[PDB]
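K.L.:
Before I ask anything, here is the structure I am working with.
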Amino acid sequence: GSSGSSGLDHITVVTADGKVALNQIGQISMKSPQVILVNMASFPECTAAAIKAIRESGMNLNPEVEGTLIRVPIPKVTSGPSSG
């Protein structure tokens with residue numbers, strides 16, 4: 001959870017009957033140089049939810065999930081064919 005780092009801390013996760021930021025149901029903590037960790041020890045039941053948001057965040061990313069620590073690997077520079 002840092003200023004201008006990864007569009008997740010702002011992302012929202014759909015909960016039971018409510019909405020919240022990814023930096024609410026879990027704690028964002030950058031582990032690797034391109035992997036965002038999200039501890040859901042506070043919401044191990046809303047783990048999937050988070051993962052969803054990510055996927056449902058106009059981001060064709062593949063979020064991981066380990067026990068209660070979600071992993072979000074960062075892609076490489078230049079996304080597919082870009083030139084317009």
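Following the authors' numbering, the numbering of the sequence shown begins with 1 at its first residue and continues without gaps.
Ideal placement from N, C-alpha and C gives every residue a C-beta, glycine not left out.
#1: If distances are taken between C-alpha atoms only, which option among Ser-5, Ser-83, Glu-66, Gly-80 comes closest to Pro-33?
#2: Please check the pair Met-40 and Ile-70, which I expect to be a contact at CB under 8 Å, by giving their CB distance rounded to whole angstroms.
#3: Report the residue ranges of all alpha helix (DSSP H) runs contained in full by the region 30-75; include only those spanning at least 4 residues, in chain order.
#4: Going by DSSP in three states, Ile-28 sits in which element: helix, strand or coil?
#5: Along the beta strand (DSSP E) that carries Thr-12, what are the first and last residues, could you check?
#6: Return the first residue and the last residue of the beta strand (DSSP E) that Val-20 is part of.
P.N.:
Result, derived from the coordinates:
#1: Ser-5
#2: 6 Å
#3: 47-55
#4: strand
#5: 12-15
#6: Its beta strand (DSSP E) spans residues 18-21.
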